[PDB]
Asks: 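To start, I am sharing the structure in question, which I have written as structure tokens.
A note on names: the letters A, B, ... follow the listed sequences, proteins ahead of strands, and every chain is numbered from 1. First listed ligand is number 1; within each ligand, the first listed atom is number 1. Keep in mind that the numbers below use all heavy atoms, side chains included, and drop hydrogens, waters and symmetry copies.
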Amino acid sequence: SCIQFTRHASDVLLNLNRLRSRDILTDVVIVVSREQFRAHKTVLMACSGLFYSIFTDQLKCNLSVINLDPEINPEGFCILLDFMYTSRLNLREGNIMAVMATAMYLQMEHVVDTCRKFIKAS
Amino acid sequence: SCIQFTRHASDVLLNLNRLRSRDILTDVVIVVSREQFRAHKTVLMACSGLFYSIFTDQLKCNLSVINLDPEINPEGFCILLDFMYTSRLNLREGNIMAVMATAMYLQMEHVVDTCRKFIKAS
Amino acid sequence: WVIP
Amino acid sequence: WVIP
Ligand SMILES: O=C1Cc2cc(Nc3cc(Cl)ncc3Cl)ccc2N1
Ligand SMILES: O=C1Cc2cc(Nc3cc(Cl)ncc3Cl)ccc2N1
Ligand SMILES: [Cl-]
Ligand SMILES: [Cl-]
């Protein structure tokens, strides 16, 4: 018999993104080639099958630095990290291939699905 | 020119609640009288003006245990912690006074607003 | 607020 | 997915 606040989840994600922009309570650095991205492990886990597996590992759960596969493009990762914290995906003709490949590696199934749909249309 | 995934924020919150239920990456214990509640500082901050202030404090940000004011009712806190992680509020005739008082202390303005509305109707 |  |  609960009541529900429609905007609650969106408001929570908005505040988590504000914490990310201000580097508050960030507990991991994701290294992608020469580039570094600060984030919250819980948000990464909630969005990605790969980060979910990494941070549930009894040894990796305690690492402050995670290095991604050298094939991963920093821009594709940046676009996906922004999507994790906002629900908004900056999908463009020039980045769609790198975004799909990065989403497949990160195991972000809904992003992979829209990338496949957008590629099929063109 | 971004696209948006409508269910993303709700899915993120659902996964954060799954992490809470399994005690994964929880980094704080909230003590309410004899009762203890494990949670994620970032989720508490995103939902509550009080926790936002506590965990942005350069000294309190590093505490693993937070003791609430002894006037705070553990059931009211439990109902509000569940709401933080689900968007669902178990508001009942028998708990509405304790829920409103706890939401005022925690600075959860939308919960305070619906409690005032529900009390006014009766 | 809604009835979910 | 939508146009926000
Ligand atoms: O496409 C995706 C997105 C995703 C997110 C998560 N994260 C969780 C899943 C569960 Cl069941 N509980 C907790 C968490 Cl944090 C796992 C796999 C995938 N695949
Ligand atoms: O009723 C409420 C709910 C709430 C949440 C937060 N948390 C944040 C606010 C901002 Cl601007 N950036 C980041 C965070 Cl985590 C503060 C005050 C209140 N009052
Ligand atoms: Cl996804
Ligand atoms: Cl609220």
Asks: Minimum distance, heavy atoms only, to atom 4 (C) of ligand 2: which one of B:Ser53, B:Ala103, B:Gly49 is it?
Replies: B:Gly49

Asks: Which part of B:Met45 is near ligand 2, with near meaning a heavy atom under 4.0 Å away: side chain, backbone, both or neither?
Replies: both

Asks: Which of the atoms of ligand 2 are close to B:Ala46, meaning less than 4.0 Å from one of its heavy atoms?
Replies: 5 (C), 15 (Cl)

Asks: Tell me if a side-chain donor or acceptor on B:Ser122 pairs with a main-chain N or O of B:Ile119 at a distance below 3.5 Å.
Replies: no

Asks: Name the atoms and distances for all side-chain donor-acceptor pairs under 3.5 Å in residues 21-28 of chain B, with sequence neighbours left out.
Replies:
{"unit_1": "B:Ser21", "atom_1": "OG", "unit_2": "B:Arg18", "atom_2": "O", "d": "2.8"}
{"unit_1": "B:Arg22", "atom_1": "NH1", "unit_2": "A:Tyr52", "atom_2": "OH", "d": "2.7"}
{"unit_1": "B:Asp23", "atom_1": "OD1", "unit_2": "B:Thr26", "atom_2": "OG1", "d": "2.7"}
{"unit_1": "B:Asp23", "atom_1": "OD1", "unit_2": "B:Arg38", "atom_2": "NE", "d": "3.0"}
{"unit_1": "B:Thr26", "atom_1": "OG1", "unit_2": "B:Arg38", "atom_2": "NE", "d": "3.1"}
{"unit_1": "B:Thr26", "atom_1": "OG1", "unit_2": "B:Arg38", "atom_2": "NH2", "d": "3.1"}
{"unit_1": "B:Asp27", "atom_1": "OD1", "unit_2": "B:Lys41", "atom_2": "N", "d": "2.8"}

Asks: Any N/O of A:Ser48 closer than 3.5 Å to an N/O of ligand 1?
Replies: no

Asks: Return the orientation label for the B:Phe51 and B:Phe77 ring planes: parallel under 30°, perpendicular over 60°, tilted otherwise.
Replies: perpendicular

Asks: What is the nearest protein non-hydrogen atom to atom 3 (C) of ligand 1, stated with its residue, atom name and distance?
Replies: A:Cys47 O, 3.5 Å

Asks: Say whether, by atom type as modelled, one donor and one acceptor occur between the side chain of B:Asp57 and the main chain of B:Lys60 under 3.5 angstrom.
Replies: yes

Asks: What protein heavy atom lies closest to atom 10 (C) of ligand 1? Include the residue and the distance to one decimal.
Replies: B:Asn15 OD1, 3.6 Å

Asks: Among all protein non-hydrogen atoms, which one is nearest to atom 11 (Cl) of ligand 2, and what is the separation to 0.1 Å?
Replies: A:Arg18 NH1, 3.8 Å

Asks: Under a 4.0 angstrom heavy-atom cut-off, which atoms of ligand 2 come close to B:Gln107?
Replies: 1 (O), 2 (C), 3 (C), 19 (N)

Asks: For ligand 2, does B:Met108 get within less than 4.0 Å through its side chain, its backbone, both, or neither, judged by non-hydrogen atoms?
Replies: backbone

Asks: Kindly give the heavy-atom pair with the smallest separation between A:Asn73 and A:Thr102, and that separation in Å.
Replies: O-OG1, 4.3 Å

Asks: Can an N or O of B:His110 be found at a distance shorter than 3.5 Å from an N or O of ligand 2?
Replies: no

Asks: As a check for students: among B:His8, B:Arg20, A:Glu109, B:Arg22, identify the option with a heavy atom nearest to atom 1 (O) of ligand 1.
Replies: A:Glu109

Asks: Taking non-hydrogen atoms only, is B:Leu19 closer than 4.0 angstrom to ligand 1 via side chain, backbone, both or neither?
Replies: side chain

